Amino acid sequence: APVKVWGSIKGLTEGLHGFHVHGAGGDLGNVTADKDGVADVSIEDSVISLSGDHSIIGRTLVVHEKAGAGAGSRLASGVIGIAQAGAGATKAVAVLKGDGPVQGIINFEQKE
């Protein structure tokens, strides 16, 4: 089942920011921060999973603080933690923390 990935990250520079789960199979894409430094996230991803031998639970989620595809970026990061779910679903949450104002909350959900 696809994993739904959603939430927001704040305190970013305007533009495109690389958005990855650490390790294999983790290149989620990018988030786009507006003129206020706020990036809304709403992604569906059928490559990642919240269960099985390649579950992303306990892996680190990162966002590049440097905008664009350039080198030498610092990261905001947080560990993907288990959240309590209702029947037939798995849920997880990563609390991202970086430098200065960079912070966010990203939710993950997958039907069981």
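Start at 1 and count along the sequence shown; that's the residue number.
### Task
Give the stretch, out of 28 to 36 and 63 to 71, with the larger mean C-alpha temperature factor in the deposited entry.
Going by the record's values, the stretch with the higher mean is 63 to 71.
### Message
I need to verify one thing: averaged over C-alpha atoms only, is the B-factor higher for 39 to 47 or for 53 to 61?
### Response
That would be 53 to 61.
### Message
Comparing recorded Cα B-factors across 101, 15, 18, 104, which one is largest?
### Response
Highest C-alpha B-factor among the listed residues goes to 101.
### Task
Would you mind checking where the Cα B-factor of residue 82 ranks among the modelled residues of its chain, as the lowest, middle or highest third?
It belongs to the middle third of the chain when residues are ordered by C-alpha B-factor.
### Task
Sorting the chain's modelled residues by C-alpha B-factor, tell me whether residue 89 ends up in the lowest, middle or highest third.
It belongs to the highest third of the chain when residues are ordered by C-alpha B-factor.
### Query
Is the Cα B-factor recorded for residue 5 in the lowest, middle or highest third of its chain?
Lowest third, going by the recorded CA B-factors of the chain.
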